[PDB]
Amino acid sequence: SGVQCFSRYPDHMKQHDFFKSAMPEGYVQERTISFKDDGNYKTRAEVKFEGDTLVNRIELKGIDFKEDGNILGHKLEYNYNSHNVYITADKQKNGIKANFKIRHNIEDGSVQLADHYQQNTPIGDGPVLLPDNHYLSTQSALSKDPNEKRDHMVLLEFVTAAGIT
């Protein structure tokens, strides 16, 4: 979710790709992630090229978590459900907003909702694409490197823009 510039925009939707349009100077991505009946994350990221490399630098602050809730109690399964990211323009800031719901599977079979609210604004002075409403269809697979003993995550993700004819 951090480098949505890697989404596949169908050719007929390429005029709606804010994320690539802000490159190489990049964008600021901010979120509030509200865990139902628990705490929240606030995140601020700068996504930009450093040479030929796409860099995502993030500061994350979490408050109001329950000591024995699903987050600090580590009660969430190591897996991930498919979801859509709903994007709208934010013309007043020459960027975009997004909203979506993540459902984290709890180890008892229940679900921990994480409501996501997102804002992105360009860093540079080049023109950017302000999109019509659409969404990103996202599928993610989490795994472990069997030779890795540090605490780690391996992620494979596929993202495709959709919602416009």
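One-based numbering along the sequence shown.
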Checklist line | Mean temperature factor over C-alpha atoms, higher-scoring stretch between 38-46 and 120-128 | finding: 120-128
Checklist line | Mean C-alpha temperature factor, higher of 88-96 and 68-76 | finding: 88-96
Checklist line | Among modelled residues of the same chain, the CA temperature factor third for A22 | finding: middle
Next item on the list: Would you mind ranking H104 by its C-alpha B-factor against the rest of the chain and naming the third, lowest, middle or highest?
Entry: lowest
Item checked: Record-listed C-alpha B factor of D11: chain third -> middle
Next item on the list: Taking the values exactly as deposited, rank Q139 by C-alpha B-factor within its chain and report the matching third: lowest, middle or highest.
Entry: highest
Next item on the list: Ordered by C-alpha B-factor within the chain, which third holds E59? Give me lowest, middle or highest, please.
Entry: lowest
